[PDB]
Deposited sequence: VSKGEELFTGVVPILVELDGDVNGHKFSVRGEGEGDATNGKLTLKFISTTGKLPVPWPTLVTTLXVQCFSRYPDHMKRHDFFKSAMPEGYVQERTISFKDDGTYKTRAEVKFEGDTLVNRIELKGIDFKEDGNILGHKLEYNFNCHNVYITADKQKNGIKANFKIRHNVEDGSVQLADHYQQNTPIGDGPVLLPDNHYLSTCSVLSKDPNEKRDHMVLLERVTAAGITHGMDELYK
């Protein structure tokens, strides 16, 4: 249904680069792996190049490629993300951590050669030094969530909204409200979807041989909410 979708009929290499600043703590993350939109699966490893991160890895998961979502056949006309490829899209978010600070992110997601690249800048402000983020009080795990997508005709793109639930080590939960906008980089028509969601689950792990602060991630993501 889009030319871009043909770039995803196979396993695609991924590169991710993030430069961040949270409360004046600068950090850089670099990642690589592969995505398979036929299965709605991704596998990535991320490392810090700047030493121990100032924030928990789980708080960076959503920022660190929704073009790898599996769209069921009956929903393929609603896949904005692949329709924007290869030229790609700008993905912007605000992430508001309840009772704590906020991240603002801006990313370009596009092909370079055969690789899907996600390059991000992140700025975090107003975090509490004694809170769950700067205090590293979040469990090293991740819940399943629904990402609610709506068309944004005036920007020829989409918006999304969702609430991430981060488990806290004391048994509480830290909510992170996500507000997202995506705009195509290229000038040709894109697929503007009816309202739907991405059902996403993620598993976080470690590489026993990796000495840098790091995160290994496996994600499963499939679109839903529009019946055959």
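Enquirer: What residue ranges of the deposited sequence are absent from the coordinates?
Expert: Since the structure holds only modelled residues, the stretches it omits are 65, 230-236.
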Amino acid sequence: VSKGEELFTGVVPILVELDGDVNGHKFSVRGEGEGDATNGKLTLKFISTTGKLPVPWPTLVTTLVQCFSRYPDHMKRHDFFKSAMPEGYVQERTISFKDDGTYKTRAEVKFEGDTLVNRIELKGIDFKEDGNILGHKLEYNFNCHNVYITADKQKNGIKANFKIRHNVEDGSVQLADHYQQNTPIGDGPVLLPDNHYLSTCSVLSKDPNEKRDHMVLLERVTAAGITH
From here on, numbers count along this sequence of modelled residues.
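Enquirer: When the Cα temperature factors in the entry are averaged, is it 73-81 or 100-108 that ends up higher?
Expert: Averaging CA B-factors over each stretch, the winner is 73-81.
Enquirer: Can you tell me which stretch has the higher mean Cα B-factor, 196-204 or 183-191?
Expert: Result: 183-191.
Enquirer: Specify which of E87, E92, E121, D130 carries the largest Cα B factor in the deposited PDB entry.
Expert: Going by the entry's C-alpha B-factors, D130 comes out highest.
Enquirer: For the CA B factor values reported in this entry, which option in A160, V29, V65, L42 has the top one?
Expert: Comparing C-alpha B-factors across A160, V29, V65, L42, the top value belongs to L42.
Enquirer: Considering only modelled residues of the same chain, in which third does the CA B-factor of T150 rank: lowest, middle or highest?
Expert: Within its chain, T150 is a middle-third residue by C-alpha B-factor, going by the deposited values.
Enquirer: Looking at the temperature factor on the CA atom of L60, which third of the chain's modelled residues does it land in?
Expert: Answer is lowest: the recorded C-alpha B-factor places it there.
Enquirer: Looking at the entry's B-factor column for C-alpha atoms only, identify whether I47 ranks in the lowest, middle or highest third of its chain.
Expert: Ranked within chain, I47 CA B lands in the lowest tercile.
Enquirer: Test of reading the entry: by CA B factor among the chain's modelled residues, which third contains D36?
Expert: Within its chain, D36 is a lowest-third residue by C-alpha B-factor, going by the deposited values.
Enquirer: Is the Cα B-factor recorded for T115 in the lowest, middle or highest third of its chain?
Expert: Lowest third, going by the recorded CA B-factors of the chain.
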